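This is what each chain is made of:
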Amino acid sequence: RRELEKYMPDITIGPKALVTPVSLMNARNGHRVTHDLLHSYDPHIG
Amino acid sequence: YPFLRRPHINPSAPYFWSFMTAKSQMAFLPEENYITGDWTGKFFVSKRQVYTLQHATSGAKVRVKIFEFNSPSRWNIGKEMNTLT
Amino acid sequence: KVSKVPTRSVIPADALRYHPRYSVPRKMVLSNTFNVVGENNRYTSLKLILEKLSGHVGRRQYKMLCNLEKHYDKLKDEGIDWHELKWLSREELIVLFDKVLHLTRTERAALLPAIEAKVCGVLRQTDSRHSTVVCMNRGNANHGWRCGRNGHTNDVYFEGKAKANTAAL
Amino acid sequence: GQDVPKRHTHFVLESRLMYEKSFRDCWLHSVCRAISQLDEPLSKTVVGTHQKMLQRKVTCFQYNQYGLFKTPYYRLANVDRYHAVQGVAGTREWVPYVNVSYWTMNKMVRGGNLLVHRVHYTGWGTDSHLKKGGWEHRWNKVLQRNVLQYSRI
Amino acid sequence: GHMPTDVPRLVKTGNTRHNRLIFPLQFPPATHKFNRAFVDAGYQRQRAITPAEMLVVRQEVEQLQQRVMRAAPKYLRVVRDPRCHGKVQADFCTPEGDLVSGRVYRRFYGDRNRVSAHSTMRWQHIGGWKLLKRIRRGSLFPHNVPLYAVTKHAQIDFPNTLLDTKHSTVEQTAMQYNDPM
Amino acid sequence: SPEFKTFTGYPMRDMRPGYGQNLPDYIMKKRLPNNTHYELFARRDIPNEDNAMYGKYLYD
Amino acid sequence: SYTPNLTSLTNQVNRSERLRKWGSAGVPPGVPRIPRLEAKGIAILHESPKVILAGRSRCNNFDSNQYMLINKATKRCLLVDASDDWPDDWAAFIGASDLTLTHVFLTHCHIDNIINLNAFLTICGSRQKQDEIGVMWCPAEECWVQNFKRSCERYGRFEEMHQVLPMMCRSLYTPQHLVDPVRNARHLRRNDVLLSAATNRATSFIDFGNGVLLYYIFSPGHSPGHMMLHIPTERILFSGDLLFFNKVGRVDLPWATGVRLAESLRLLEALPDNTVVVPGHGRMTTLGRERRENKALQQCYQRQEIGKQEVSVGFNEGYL
Amino acid sequence: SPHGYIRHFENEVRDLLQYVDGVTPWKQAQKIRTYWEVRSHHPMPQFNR
Amino acid sequence: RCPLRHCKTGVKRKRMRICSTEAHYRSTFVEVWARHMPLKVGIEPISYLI
RNA sequence: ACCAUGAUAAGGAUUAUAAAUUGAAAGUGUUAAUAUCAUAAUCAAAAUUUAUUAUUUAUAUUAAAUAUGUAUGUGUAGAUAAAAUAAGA
Ligand SMILES: [Zn+2]
Ligand SMILES: [Zn+2]
Ligand SMILES: [Zn+2]
């Protein structure tokens, strides 16, 4: 990665850019995260 | 067969910047030319990453899925790796 | 012409075993948990032999009075396996039976037929994925008390799987 | 047996999640593409350097999302659920209503599960819109029913 | 932990079927200077091939073909065309006077355990899965590779060639089971 | 035009060659695929229809 | 299967075994009728100057077979184990060949044999309208004709449930009805043959016409009354359910004895090897092939040699 | 909850864009370049089609 | 004796009778004229004995 | 998996005694050759995805040449709106 980052510039906002707020749940069909796997907000799946 | 809906996806002088490239120049570089998050390192980069000046300036490792480019030059800057092979 | 049925003069007694198709039964390979011999897989042969020594025996289902399954949990936290139990000498078993296990005279009398025979703790193949069949053949000291038959050779914990690899465990 | 091998059921259940991932971020990927590719000013309030810095901030926000489903719908919209026969959408080896292949559609017809009426294979069926202009005229009639009959506000 | 043998281990998987388990006894390569320091982990060699390399490997090919010709009369003869749906199943003229039907799998399945030092890309060339897929009938197939679910075809006394197919069904049944009417 | 075969009084297609997804004007007026037929396809097209109406452990 | 009494409803393993076999349904799916699709035609298996054997394989979803012996001289046909899901081709075959259906032979009275027997006598009896068809069977199968309705409930044959069997009707061996003096299509069946278990090579035969004799052989073990058919002039043995290709009949059904089946396999060792045995299921074989490569016959004589007094042979997975 | 087109999402576009600059620093967003800014390092980027 | 010559299946099946091989060749204009189909690869089945 | 499937070709017959109707058109029988792997103990061909000097058929590129002599296919396709050199021995 440290030799990858010279010709490929690094834009790392962090994990905060992947969690959309609670006001954007119904626009995103109930989700808040942008992970490649889906995430359920119930404790039974968790 | 439908028109240009195949799942499995050439030099030209007057159509150099308009063949197998983006429509507009004001549009930004694609996601493959930037680091998204914390990575452990990729074995290959994708072929739709546009060759920049820093590819030929630094020249650490160019890994195209294989293709290892050890010839840095200025004629490759401004177009992706699909036209480079 | 009347052809004769091909029979044999000397036939072993296990050839009279019944199959519903009169054929060879299916040999289903074991689970993926038995691939590497670890601490969870070491004492599953010790678990099953102590189960058969406490359950009902025979066609009349004679219940074994002494329960040898209560001594299973105190055997595995010591780290002594069923294969390690066969490597214990007579001097080391009296230390194990009196001090550690606290085996009584009637519970030692029922476990001793399993130790005097040196039964190999190799999980045999069955028609099911969950196998409760151990090879009850007598072991030899040349092959590590593994009975040396059907590929049970000197480190084989499970039939169809790899060796023990005692450098790890 | 039994109904399907479990490798095909795990394959189509990933396709259902790719539909569910498509429903998750089709709003957010569309709005972030539309502002970052717009060079006209967004508003009277935001102009000049406030527009150019906002388009650059929305571009790295678009690029930092690992796993953003930007795959189009027609790439894997040909997955069959009862059998593993893979067809291609657009040709006769796929039917769009019951969403099965040509091999599965015949066995549902030969099995008697679904209720379909057979027409002569050189006609246009019975709907007058299909007999009039073909597939494209019926393609416009559903648009007239779903959208264009409503005076939108 | 497998010890090298030349006797196939016959595992009877049912009536009229068994399993032939034998392994083809891998030999070490030549120790000349062109085989040394070969880049194996790269798989993308761009080193210039001198004609001295091609003449050395020509003599190694003649040495390897001379070794494989000694085992050639012990091989099988593919007599019917192989079918290929994952597995490869063909018919063989064995050097025992028998017609067998065996299957060849792509991945490794040993006689005692599945653990080995080969990949799937290796063993598909070792066990003849790449071989039997690409050859048609009339060619050789090795006996040293393992064969799975080999079934011997039944034999009659009189030759079935130049026999009339317009016989009735119950006398064609009596003719094929070696008890003619 | 009423003297054509595919006569519908609304313009079904706008006469613009190259009206693709890259233009942001198409993005603003397009219908999002929420609660469409694709949402019916994601939750109903299951290889076992009894795995969409209950759980197997709950029924057993 | 059986009657759901009080202890079968209060048993947890009855609810558990029905979950293992059939999944979440719990009810066994029956054995349905073969439709007009996926059905083959009637084949001519054997042609001889005395008789003609015409058959059809896999005529039921039990994978049973339907055969018919056609006499060349008398033009008289005889069905063996009349169970076809479509007995309309068989009526058209005897109508277009100028044949007269006189009797129906039945080896045993399981549901793989008499499921369409009332359909066979009605359809073929209607064609001779423009002497009725007899039934030849053994009275030891009386216990299986009482449970014909129970077998149709378990295998989903609801249309043949409420049908009185023609062999249950009043024959000449039964007392007659005393009807009011103020109708014999169902009151009396004069054409009915009851076969005796004392089967010999001398007098236990059926004169089929033009000098061919059908020696019926009593061979129980798969069923209480199991009558094979042996034609010694033509080397044809209709074993029924006794002997198939590389397997024998089941014993895991009621009134099926394993030691009776082994005695039934021993009473065919005097027949020649070219006797083409014609089973009720599957492919036909020869008796010489089964003496060499059948493990059920091999186990039957191996236990006999080592001294087993009660040799018990029989299948638990196979044909009904 | 709005449905259909993006024109019906007034608050959600407002809630997204304020959240977009809220987490993103300008130290990160300056490194993203366009296509013509990369093409200027070519010996000749511009010629008529 | 050849097992395909004395096999059980070859009594009622004519296909399981010939222990042969087949050679492939680029057919000439004479064969594509007399067979009415243009075969760029022709099939010659042969039985041989060395 | 070695069952007894099913496809090919060939010959037969019945009706029009009306100028009306948009519209005088529809139903029923026999022989040759070919062919027949489902009551049994497994596994990823193209289940299946992706990539490299290399194998094709197609895709378009793609040229000279009058000194003489010269260069004919089977097929592949679209909707379908001309017709008498062969003996009813
Ligand atoms: Zn052992
Ligand atoms: Zn029966
Ligand atoms: Zn039966």
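Residues numbered from 1 in each chain as written, not as in the entry; some residues may be left out. Chains lettered and ligands numbered in written order. Part of a larger assembly, values for the part shown. Heavy atoms only, no water. Residues with missing side-chain atoms left out of burial classes, pairs and counts.

- For this deposited structure, the header cites cryo-EM as the method used and 3.3 Å as the resolution.

- Under the PDB entry, the name given to chain I is mt-SAF1 (RSM22), and the organism recorded is Trypanosoma brucei brucei.
- This entry carries the title "mt-SSU assemblosome of Trypanosoma brucei".

- Per the PDB entry, chain F carries the name mS33 and comes from Trypanosoma brucei brucei.

**Describing the coordination of the zinc ion (ligand 1)**
All names here are of chain C.
Part 1: At the metal site, the zinc ion (ligand 1) is ligated by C120 (SG), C135 (SG), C147 (SG) and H152 (ND1), and these contacts range over 2.3 to 2.5 Å.
Part 2: Of note is the zinc ion (ligand 1), whose four donor atoms meet at the metal with angles of 100 to 115° in an arrangement that counts as tetrahedral.
Part 3: All donors of the zinc ion (ligand 1) belong to a single chain; written as a sequence motif, their spacing is C-x14-C-x11-C-x4-H. Note on accessibility: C147 and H152 belong to one class, buried. (Donors = N, O, S within 2.8 Å, 3.2 Å for Na, K, Ca; no water. Tetrahedral: all angles 85-135°; square planar, octahedral: opposite > 155°, others 65-115°. Buried < 20%, exposed > 50% of the residue type's maximum accessible area, 1.4 Å probe, protein only.)

**Side note on the sheet that holds strand β14 (residues 276–279) of chain G**
All names here are of chain G.
Part 1: Ordered in space as β8-β9-β10-β11-β14-β15, the six strands form an open sheet in which the pairing is mixed. Edge positions in the sheet fall to β8 (205–209) and β15 (285–286), since each has one partner strand and no second.
Part 2: Note: β8 against strand β9 (residues 212–218), four bridges, orientation antiparallel. Bridge pairing links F205 to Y215 in β9. (Pairing = 2+ DSSP bridges. Helix = DSSP H or I, 4+ residues; strand = E, 2+ residues; numbered from the N terminus.)

**Regarding the nonpolar core**
Part 1: Judged by nonpolar contacts, the single largest core of 60 residues is most densely connected at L79(G), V104(G), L106(G), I114(G), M167(G) and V313(G).
Part 2: Excluding anything up to four places from it in sequence, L106(G) contacts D81(G), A82(G), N113(G), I114(G), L117(G), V135(G), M136(G), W137(G) and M167(G).
Part 3: Counting residues in each nonpolar core, the second largest holds 43 residues, with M8(A), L24(A), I77(B) and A29(H) among its members. (Core = buried A, V, L, I, M, F, W, Y, C linked by side-chain atoms within 4.5 Å. Contact = heavy atoms within 4.5 Å.)

**Details of helix α4 (residues 169–176) of chain E**
Part 1: For α4(E), the buried fraction is high: six of the eight residues fall into the buried class.
Part 2: Here α4(E) has its buried residues at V170(E), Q172(E), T173(E), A174(E), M175(E) and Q176(E).
Part 3: Buried-residue contacts for α4(E) involve β1 (43–47), β2 (51–56), β14 and β15 of chain G.
Part 4: Two residues or fewer after α4(E) comes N178(E), characterised by a positive phi angle close to 60°.

**Focus on the interface of chain I and chain E**
Interfaces are often sized by the accessible area lost when the parts come together.
Part 1: At the junction of the two partners, chain I supplies 23 residues and chain E supplies 30 residues.
Part 2: For the pairing of chain I and chain E, the buried interface totals around 2400 Å² over both sides, and the portion due to carbon and sulfur atoms is 51%.
Part 3: Area buried by chain I at its contact with chain E is led by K8(I), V11(I) and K12(I), which between them contribute 26% of it.
Part 4: Between chain I and chain E we count one salt bridge in total.
Part 5: One salt bridge in this structure joins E22(I) and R137(E), with 2.7 Å as the shortest N-O distance.
Part 6: Looking at side-chain class alone, the side of chain I that touches chain E contains nine nonpolar, six polar and eight charged residues. (Buried area = accessible area lost by both parts, 1.4 Å probe. Salt bridge = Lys/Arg side-chain N within 4 Å of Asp/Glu carboxyl O. Nonpolar A, V, L, I, M, F, W, Y, C, P; charged D, E, K, R; others polar.)

**So, the coordination of the zinc ion (ligand 3)**
Residues and elements named next belong to chain G.
Part 1: Coordination of the zinc ion (ligand 3) by the protein involves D112 (OD), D241 (OD), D241 (OD), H281 (NE2) and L320 (O), with metal-donor separations of 2.1 to 2.6 Å.
Part 2: In this structure, the zinc ion (ligand 3) lies 3.7 Å from the zinc ion (ligand 2), and both are coordinated by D241.
Part 3: Relative accessible area serves as the criterion here: at 1%, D112 is assigned to the buried category.

**Observations concerning the interface of chain D and chain B**
Part 1: Across the contact, 14 residues belong to chain D and 10 residues belong to chain B.
Part 2: Here chain D meets chain B over a buried area of about 1200 Å², counting both sides, of which 62% is carbon and sulfur.
Part 3: Linking chain D with chain B are one salt bridge.
Part 4: Its salt-bridge partner being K70(D), residue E31(B) comes within 3.9 Å of it at the nearest N-O pair.
Part 5: Counting across the chain D and chain B interface gives one residue pair in polar contact.
Part 6: Here the side of chain D that touches chain B gets four residues from one element, more than from any other, and that element is helix α2 (residues 49–63) of chain D. (Polar contact = N/O pair within 3.5 Å; in protein donor to acceptor, adjacent residues only side chain to side chain.)

**Quick notes on the protein's contact with RNA strand J**
Part 1: By nearness alone, 57 residues border RNA strand J, and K47(B), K87(E), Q89(E), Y105(E) and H36(I) come closest of all.
Part 2: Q44(E) places a side-chain nitrogen or oxygen 3.1 Å from a sugar or linking oxygen of RNA strand J.
Part 3: Taken together, the elements giving at least two residues each to the surface near RNA strand J come down to β3 (76–85), β4 (87–93), α3 (129–134) and α4 of chain E, β1 of chain G together with α1 (29–34) of chain I.
Part 4: Residues belonging to the surface near RNA strand J are distributed by class as follows: 18 nonpolar, 15 polar and 24 charged. (Near = heavy atom within 4 Å.)

**Topic: the packing of aromatic side chains**
To describe a pair of aromatic rings, you give the distance between the ring centres and the angle between the ring planes.
Part 1: Taken as a whole, this structure holds 30 aromatic pairs over all chains when the rule is applied.
Part 2: When the centroid spacing of 5.4 Å and the interplanar angle of 90° are considered together, the rings of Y18(C) and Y22(C) count as edge-to-face.
Part 3: Overall, the relative accessible area of 38% leaves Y18(C) in the partly exposed class.
Part 4: Clustering of aromatic rings is evident, with ring pairs tying together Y19(D), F23(D), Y73(D), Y38(F) and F41(F).
Part 5: For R5(B), the ring lying beneath its charged end belongs to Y74(D), and the centroid distance is 4.5 Å. (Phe/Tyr/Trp six-rings, centres within 6.5 Å; stacked < 30°, edge-to-face > 60°. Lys NZ or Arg CZ within 6 Å of the ring centre and 35° of its normal.)

**Thoughts on the packing of helix α8 (residues 258–266) of chain G against helix α10 (residues 295–306) of chain G**
For any two helices packed against each other, one specifies the inter-axial angle together with the distance between the axes.
Residue and element names in this part refer to chain G.
Part 1: Two elements in contact, α8 and α10, have axes whose closest approach is 10 Å; the angle formed by their N-to-C orientations is 100°. Comparing the axis directions of α8 and α10 gives the class roughly perpendicular. For the pair α8 and α10, contact is made by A262, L265 and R266 and by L297, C300, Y301 and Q304, respectively.
Part 2: The residue makeup of the contact of α8 with α10, split by class, is five nonpolar, one polar and one charged. (Axes fitted to C-alpha atoms, helices over the stretch in contact; angles between N-to-C directions. Parallel < 35°, antiparallel > 145°, perpendicular 65-115°, else oblique.)

**Details of α10(G)**
Along an α-helix, a turn takes 3.6 residues, which lines up residues three or four apart on a common side.
All names here are of chain G.
Part 1: Under the 1.5 Å per step criterion, the end-to-end length of α10 is 16 Å for 12 residues, consistent within 8% with the ideal 16 Å.
Part 2: Burial in α10 covers these residues: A296, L297, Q298, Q299, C300, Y301, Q302 and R303.
Part 3: Looking at the packing, one finds that the buried side of α10 touches β12 (243–244), β13 (247–248), α8 and α9 (287–293).
Part 4: N-capping of α10 is provided by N294, with a side-chain oxygen placed 3.4 Å from the backbone N of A296.
Part 5: Positive backbone phi, approximately 105°, marks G307, located one or two places after α10. (Expected span 1.5 Å × (residues − 1).)

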